[PDB]
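Next comes just one chain, in structure tokens: the form deposited in one PDB entry.
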């Protein structure tokens, strides 16, 4: 078909004799052949633009400061992981028992062992290392 010669970034305009028109503003086509162009992804509110929409590729979003992406293709934002928690693929979960995270946006390290021949001056929690 003549539509199979319209390159990515145009559509095959059925309204004007199967000609290759440019994609209209805020739209794109990633493959050749298409009878229409898909709408450009919008990045607003909590979203921000990581990659601009082009005639040939959709825009990619990231999150504003204070938040981080979640899901495939940054489907939603989530507030930065607090003191006791840690960032996983499926959200900020609590640190597991025997581990702690002291800072915000941090990663859980295992409690220090007081095996070292010392006494537990202060117990270990989800937020705080053991004290010796």
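Residue numbers count along the first chain shown, from 1.
There is also a form deposited in another entry; it is not shown, and the following applies to it.
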Legend entry - between this form and the one not shown, rigid part identical for residue 23 and residue 52: yes
Legend entry - Comparison of CA distance in that other deposited form with shown form for residue 63, residue 103, at least 3 Å: closer
Inset, instruction - Check residue 94 against residue 71 at the C-alpha atoms and report closer or farther in that other deposited form, compared with the shown form; the change is 3 Å or more. - result: farther
